[PDB]
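Presented below is the structure to which this report refers.
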Ligand SMILES: CC(C)[C@@H](CO)Nc1ccc2ncc(-c3ccc(C#N)cc3)n2n1
């Protein structure tokens, strides 16, 4: 229900650090973490890339005094209007961030704060996100347009499935914003699920809906239903990620107008051709039945018929998954980053 001050929330975190900003020469520091650059300005959010002891870190900034001013109508239960700030949401995220500890999820290494500014230390996943988006999805650049090899995709999927197992089953947490931006790779190349800003604790394995990224939201959000199965939601979205991994494009949900999108999802059958179908089109390999056999199991409209994560993990498709395929993929991909 209602949550206390930031201090109450962090009151059980055993690695809370007092803020110390200082300047040494031509450099700005946060507690021995040297500021290299800000990786993205999510207007709010904000992730700062730092160095400390020859290691790269990613510290997410958060500002109470900015976040508590940004407030929207949430509409109550009692006809008397309620109102949530983006600081309320952050208090929820803090709780979760405060208890995610898992090798397949991006886990904070410590939290720096004065109880207004918060810098949350994470490892920097040097191979960046799975895919990036600009007009469309790509791996590295966009004059060069390569698709992730199917052997690599298997691992990625298996890995986030292992993330799912922990958050759903050990933690009772639904991610809610499973998305390529949120699937991260290190140089080595492990895959972690990241960003719990829309994630929430489940009640009887369910969430109250409408939250996350529009085109990764499942058909049920568009139904009669007031509550949804958390796992099945996360599964759908991983389904979209897989579809994106196949084609470098989102299924039926191709932006512009959302009515177009929202009218589609619940009603539309997805097109399942071969890799570059959607893609020779804005530019002036193959897929087998089995690849698509498997993706369809993710994107079934009735969530009760939608694959569980258990039956996905031990499906014949991921049976021949080889961690080495991803490792080699990652090692060469990192070599391309060592200057582009
Ligand atoms: C938008 C990008 C700046 C961002 C998210 O896709 N990319 C990256 C790239 C490397 C990396 N290493 C750690 C992190 C990172 C750390 C924390 C969060 C959170 N919450 C989200 C991402 N990240 N995030």
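General observations
- Relative contact order %, the stretch 1-124, counting alpha carbon pairs below 8 Å whose residues are six or more apart: 25
- Calculation over all alpha carbon pairs of the stretch 3-69 in 10 angstrom steps from 0 returns a P(r) of 17, 43, 34, 6, 0 percent.
- In nm, spacing of pseudo-spin labels at residue 135 and residue 86 (7 Å Cα→C-beta vector): 2.9
- Rounded, prolate or oblate (a/c below 1.5 giving rounded, otherwise prolate when a/b exceeds b/c) for the stretch 9-155 by Cα gyration tensor: oblate
- From largest to smallest, the equivalent ellipsoid semi-axes obtained for the stretch 208-340 from the alpha-carbon gyration tensor read 27, 20, 15 Å.
- FRET efficiency, 1/(1 + (r/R0)^6) with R0 25 Å, evaluated for residue 72 and residue 38 via beta carbons: 0.50
- Virtual spin-label span in nm between residue 205 and residue 276, 7 Å along Cα→Cβ: 4.4
- Simple spin-label estimate for residue 22 and residue 267 in nanometres, 7 Å along Cα-Cβ: 6.4
- Cα centroid separation - the stretch 254-332 against the stretch 68-85, whole Å: 37
- The fraction of all Cα pairs in the chain landing in successive 10 Å bins from 0 to the largest distance is 5, 23, 33, 26, 11, 2, 0, given as whole percents.
Read-outs: derived from the displayed coordinates by stated rules, not from any lab. Neighbour counts are summed over all protein chains in view; Cβ atoms, including those assigned to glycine, are modelled from backbone coordinates with ideal geometry.
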